[PDB]
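Read through the structure below, which is laid out as structure tokens, and then see the notes.
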Amino acid sequence: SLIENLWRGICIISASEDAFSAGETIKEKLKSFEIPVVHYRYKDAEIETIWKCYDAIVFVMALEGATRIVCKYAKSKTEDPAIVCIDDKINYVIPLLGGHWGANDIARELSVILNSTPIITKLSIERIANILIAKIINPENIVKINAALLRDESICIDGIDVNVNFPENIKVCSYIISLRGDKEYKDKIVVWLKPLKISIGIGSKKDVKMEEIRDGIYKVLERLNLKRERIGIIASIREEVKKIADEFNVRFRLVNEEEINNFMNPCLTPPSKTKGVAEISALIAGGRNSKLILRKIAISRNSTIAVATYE
Amino acid sequence: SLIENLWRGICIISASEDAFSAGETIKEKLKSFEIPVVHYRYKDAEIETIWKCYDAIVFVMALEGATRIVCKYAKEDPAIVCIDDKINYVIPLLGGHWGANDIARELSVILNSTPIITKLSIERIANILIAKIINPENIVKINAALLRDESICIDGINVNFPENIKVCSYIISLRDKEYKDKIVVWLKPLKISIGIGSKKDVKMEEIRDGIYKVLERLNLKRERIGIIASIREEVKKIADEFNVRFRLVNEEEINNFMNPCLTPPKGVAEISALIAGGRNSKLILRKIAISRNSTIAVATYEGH
């Protein structure tokens, strides 16, 4: 479900007291389905930065105020988060932005999770790249491929090696999105994607629960549609997790506190008002320019997991 | 109802074909209730001007389109509502304050649709009372009061006005009198210019009641009629019955006349009322049918 594919998570922003309480309810229900989720009071919210760090935003407030905020920031049809508005009784789920790339499905799925009513009234290469966890290497053909994506034309994605569930035009053509290195397509228009490897960060209590951690890593590969081979590094503050890295036959990075205490990235999950090791290990192990791919998820009370790019 | 009190009418603006088809269906329903209504295509629409000319705007399109538009223009704003091209929902987008919620509810009844629900200005109350504000230095504070939802008095008036309005520390006066320790905005009630569009064989009778039905609608009695105007000289017989001045308007005057708030294509009722209303007349009641032979419109009487 599209809602589980929101790997950098959903940000809920409320602006009153009733809203705040709706937003907590919505938040607890998302956690249930392992959807990464952060709730901000609008007082604490830097929307400008939130807009670039989550895959979706739920405003819990009167529609009128949500549109105000949306209009300040809606700039990129190809890159904006999907936006929905939910009243403070959770009567409705109204998509406000991104009906072209998935908001209507998010609204529908969200209203199932919440037992609410959805009020309904395509893709880019950027979004397909993010989904495939890949880097665009010749963006000079991005303009053309987007135009065709809208027209729901037949595009081909070459050199996939998982099964991924794309709309029907995508055939797995005049337009090729290719992850293959060693093929060439006469008479086609091609965007080459470089598949990126991933850096997995583990946060653990001193009593490393190996099995938990190992199943969590598999859960994460299933979630992201990835083979073992895509892992470039595993990272933790607990040396024991190195044993986990050996099983996967990948490098391990032991991350120390000076390193954690001295690290900043605007996208990080904030501390529970009610630390931060998974996300931060992942990012530091990922290298310079590493970007968060999967916002911290629980495996259980002593274990968290997060994924960033391995640069 | 609220929607019967949008005297300047409702502008329906659609962007696509199936949308337009929908706009026509809503248009015809609003005609049934004597709600002045005009339908423009997004291409034809000069939203800028429309925005100053109508009491509400109904966008028939996806929410995402309406809000894009609404965001360009939201600057004395019309109630805005968004209706999907199947008329499943009526969604207020703007004016949630000045009544956009009741409009959507009442619009959704009329249209068997479902309304999606999620204070005054002095300017607004003057328009309601068809009256002019004479001491605009007290606009700012009386508005901030209105917004603080304080109770405000209106003196020299019945009109359906929230519960705060008592007919206080704040006074709106239509008397001529004085108020010590009160904050006061004075209103001078205007008289009206009534314009009649008629076919050559004036059907007198249907013209007579249209005027009465207009006076109810505006919460006025005759004393408020400054003048009646038509291109048909026989309407003068009706002006005498009210004992008010008649103004016979000729076709040159009609051809010379321009005003951006006119109902689009002829146009006799509105143009007559404005012409007879005087320099700077403003439209109050947008053109309404009485039959296919007869129409009426109302503007402010700025004459002697």
Side-chain angles (χ1 to χ4, degrees), chain A residues 1-10 33 35 54-57 74 76 78 80-84 93-113 118-121 123-139 141-150 152-153 155-160 166-167 169-170 173-180 185 188-196 221-227 230 293-294, chain B residues 16 18 61-65 84-86:
Chain A
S1 60
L2 178 39
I3 217 178
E4 297 283 337
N5 276 224
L6 295 182
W7 294 325
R8 297 141 88 231
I10 292 169
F33 298 76
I35 287 156
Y54 294 78
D55 290 334
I57 306 182
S76 172
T78 56
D80 288 327
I83 309 288
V84 177
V93 190
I94 316 166
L96 304 188
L97 187 71
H100 260 109
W101 67 81
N104 285 342
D105 281 336
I106 292 172
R108 291 176 199 114
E109 285 158 22
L110 215 44
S111 68
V112 167
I113 301 178
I119 297 298
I120 316 301
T121 61
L123 276 182
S124 69
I125 184 56
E126 296 80 0
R127 292 181 194 293
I128 294 173
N130 282 334
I131 290 160
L132 290 181
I133 303 155
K135 174 189 131 164
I136 295 175
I137 40 199
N138 64 325
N141 267 339
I142 288 197
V143 154
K144 19 259 291 187
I145 179 97
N146 287 356
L149 259 0
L150 278 170
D152 263 73
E153 277 215 60
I155 293 123
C156 280
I157 313 208
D158 222 16
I160 282 218
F166 278 113
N169 356 340
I170 287 33
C173 293
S174 297
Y175 304 93
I176 315 303
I177 294 157
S178 187
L179 304 137
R180 313 256 203 135
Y185 313 82
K188 315 280 184 176
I189 291 174
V190 191
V191 175
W192 304 101
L193 296 195
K194 165 68 167 149
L196 299 176
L221 294 165
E222 174 192 21
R223 181 84 177 261
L224 301 183
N225 298 306
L226 289 188
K227 268 306 321 289
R230 294 284 291 284
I293 294 167
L294 183 75
Chain B
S16 70
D18 338 47
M61 46 186 64
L63 187 48
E64 222 166 302
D84 58 283
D85 87 17
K86 259 221 202 54

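Quick note: numbers below take in every heavy atom, side chains included, and nothing from hydrogens, waters or symmetry partners. Chain identifiers are assigned alphabetically (A, B, ...) following the order of the sequence lines, protein sequences preceding nucleic acid strands; residue numbering begins at 1 within each chain.
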side-chain contact (heavy atoms from CB on, under 4.5 Å) between A/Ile131 and A/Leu123, worked out: CA-CA 11 Å; A/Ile131 290 160; A/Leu123 276 182; 4.2 Å; yes
Audit row: A/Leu132, A/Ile157, side-chain contact (heavy atoms from CB on, under 4.5 Å) steps and yes/no: CA-CA 10 Å; A/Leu132 290 181; A/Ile157 313 208; 4.1 Å; yes
Exam field: side chain A/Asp55 to backbone A/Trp7, donor-acceptor pair closer than 3.5 Å: yes
Smallest separation among heavy atoms of A/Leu2 and A/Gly102, with atom names: CD2-O, 3.6 Å
Nearest heavy atoms of A/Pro118 and A/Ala107, plus distance in Å: CB-O, 4.1 Å
Spatial distance of atom CD1 (A/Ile128) from atom CD1 (A/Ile136) [nearest 0.5 Å]: 9.5 Å
Inter-residue atom distance A/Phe166.CZ - A/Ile155.CD1, 0.5 Å rounding: 10.5 Å
Candidate pair A/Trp101 and A/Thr78, rule side-chain contact (heavy atoms from CB on, under 4.5 Å), full reasoning: CA-CA 8 Å; A/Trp101 67 81; A/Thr78 56; over 6 Å; no
Atom of A/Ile106, atom of A/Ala82 and distance for their closest heavy-atom approach: CD1-CB, 3.7 Å
Donor-acceptor pair, side chain of A/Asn104 and main chain of A/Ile120, under 3.5 angstrom: no
Residues forming a side-chain contact (heavy atoms from CB on, under 4.5 Å) with A/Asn141, sequence neighbours excluded: A/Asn138, A/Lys144, A/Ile189, A/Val191
With A/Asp105 via side chain to side chain donor-acceptor pair (under 3.5 Å) - residues at least two apart: A/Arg108
Verdict with reasoning, B/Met61 to B/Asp85, per side-chain contact (heavy atoms from CB on, under 4.5 Å): CA-CA 6 Å; B/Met61 46 186 64; B/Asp85 87 17; over 6 Å; no
Separation of A/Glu126 CD from A/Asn146 CG (nearest 0.5 Å): 5.0 Å
Test item: A/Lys188 side-chain N/O and A/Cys173 main-chain N/O as donor-acceptor pair under 3.5 Å: yes
Heavy-atom check, side chain of A/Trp192 versus side chain of A/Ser178, under 4.5 Å: yes
Side-chain donor or acceptor of A/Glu4 paired with backbone N/O of A/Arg223 under 3.5 Å: no
Pairwise side-chain contact, A/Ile177 with A/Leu193, heavy-atom cut-off 4.5 Å (strictly under): yes
Whether A/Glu109 side chain and A/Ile3 backbone form a donor-acceptor pair below 3.5 Å: yes
Value rounded to 0.5 Å, distance of CG in A/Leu221 from NZ in A/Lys227: 8.5 Å
pair B/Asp18-B/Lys86: side-chain heavy atoms closer than 4.5 Å: no
For A/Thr121, all residues meeting side-chain contact (heavy atoms from CB on, under 4.5 Å), sequence neighbours excluded: A/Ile119, B/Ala62, B/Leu63, B/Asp84, B/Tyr89, B/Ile91
Donor-acceptor under 3.5 Å (A/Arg230 side chain, A/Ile133 main chain): yes
Gap between atom CD1 of A/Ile57 and atom CD1 of A/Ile10 - 0.5 Å precision: 10.5 Å
From CG (A/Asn130) to CD1 (A/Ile293), nearest 0.5 Å: 9.0 Å
For B/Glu64 against A/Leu96, the heavy-atom pair lying closest together: CG-O, 3.3 Å
